[PDB]
Every structure is written in structure tokens, then in C-alpha cells.
Amino acid sequence: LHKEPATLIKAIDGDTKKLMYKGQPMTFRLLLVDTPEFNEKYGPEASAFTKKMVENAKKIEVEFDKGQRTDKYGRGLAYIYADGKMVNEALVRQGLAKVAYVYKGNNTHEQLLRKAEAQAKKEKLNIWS
Ligand SMILES: Cc1cn([C@H]2C[C@H](OP(=O)(O)O)[C@@H](COP(=O)(O)O)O2)c(=O)[nH]c1=O
Ligand SMILES: [Ca+2]
């Protein structure tokens, strides 16, 4: 896989944001995770964690996987990096997302993310508390 440039347009919630990619505005949905909706427990915390991570970053990058690049709602499906740290992994490691929506052939980082989830769970963090 490879990282490609993007810039933040606006934070939306724990697992979606609006980025400019190849010069076009798109909503991206993070691969292999599920944050709580804003109206659910830990939803505001997840939203704030993602927002801080992407707004504070000097460099946002998108990494598509091997399969589908857009979902049925037209959202980009990617791993999103902030100054080289993966947002997807960071949410999982903090107990603010569950590993989820693991579809065959867009699951390159599945094992990395499940390792993070195990650690968050051992620590009883947030969703696992
Ligand atoms: C993360 C992801 C979600 N989706 C679709 C599955 C779910 O369909 P349904 O809307 O029919 O439930 C939805 C969940 O996204 P959200 O968690 O953002 O709601 O997005 C994909 O198709 N591919 C993906 O990789
Ligand atoms: Ca969600």
C-alpha cells in the first residue's frame, strides 16, 4: 500500500471526516473500525479524539487498500495518517473504536488493528471499561 496526500477540510465524527484528495472534496470513512455515533456513549470522545488528531497534524495522508475505494454512500475508504500515525489504529488502541467491517480484500491492516484492540481491552480503556 502507499500513502497519498490529502488536506483536512473538516472533522465530522470519530470515523469520518471531510478531506481534499486529488483536489476534490470527499468524505472519508476509516477502514476496519467503528466508532460510537456522536449520540452514543464514547461517541463524543471518539469525535474529539479524531478531530484533535487530524486538526493538529501538519501532514494528512490517505492510504487505500487493495479493494474497493468508495463505499455505497460514495465515501472514500482508507487508512488515514496524521504526521505518520494511523488514525484508525490510534482510535482502536485508545478503546474509542472497535475493529469492525472487515471485508475480504480490504483488510491489509486487520492484524495490526486487532493487536491494538487487545491492548485497549487488557487496559480496560473507554469502551472496554
Ligand atoms: C467501514 C465500511 C463501511 N461500509 C458501509 C457498511 C454499513 O452499511 P449500512 O449503512 O447499510 O449499515 C455502513 C457503516 O458505516 P457507518 O458505521 O459510518 O454507519 O457503511 C462499507 O461498505 N465498507 C466499509 O469498509
Ligand atoms: Ca460509526
Return the ratio Rg/(2.2 N^0.38 Å) for the stretch 25-66, where Rg is computed over Cα atoms only. 1.31
What's the ranking of 16-25, 94-103 by average number of surrounding C-beta atoms within 10 Å, highest first? 94-103, 16-25
Where labels lie 7 Å past Cα in the beta-carbon direction, separation of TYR101 and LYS18 in nm: 1.9
For helix 43-55, what angle does its Cα long axis make with the longest principal axis of the chain, in degrees from 0 to 90 and rounded to 10? 40
Proxy reagent accessibility, fewest Cβ within 10 Å first, across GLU89, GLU37: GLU37, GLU89
Contour minus Cα-Cα distance for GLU55 and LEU112 (0.36 nm per residue): 18.1 nm
Full extension between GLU4 and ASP83 adds, at 0.36 nm per residue less the Cα distance, a length in nm of 27.2 nm
Dmax and Rg, reported as Rg then Dmax, of the chain (C-alpha, Å): 13.5, 42
Which of the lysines could be linked to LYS41 by a straight reach, that is with a Cα gap under 22 Å, when you skip same-chain ones fewer than 8 residues away? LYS17, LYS51, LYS52, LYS98, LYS121, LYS122, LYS124
If you average the sequence gap of Cα pairs under 8 Å that are 6 or more apart and divide by the length of the stretch 4-123, what percent do you get for the contact order? 26
So if each residue of separation counts as 0.36 nm, and I subtract the Cα-Cα distance between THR70 and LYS121, what length gain in nm does that give? 15.3 nm
Just to be sure I understand: with springs between alpha-carbon atoms less than 10 Å apart, which residue in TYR73, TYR81, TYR42 has the highest mean-square fluctuation in the Gaussian network model of the chain? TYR73
Round to the nearest 10 and give me the degree value, 0 to 90, for the angle of helix 110-122's Cα axis relative to the longest principal axis of the chain. 30
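Virtual Cβ from ideal backbone geometry, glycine too; neighbours counted across all protein chains shown. No lab work stands behind these numbers, since they all come straight from the coordinates.
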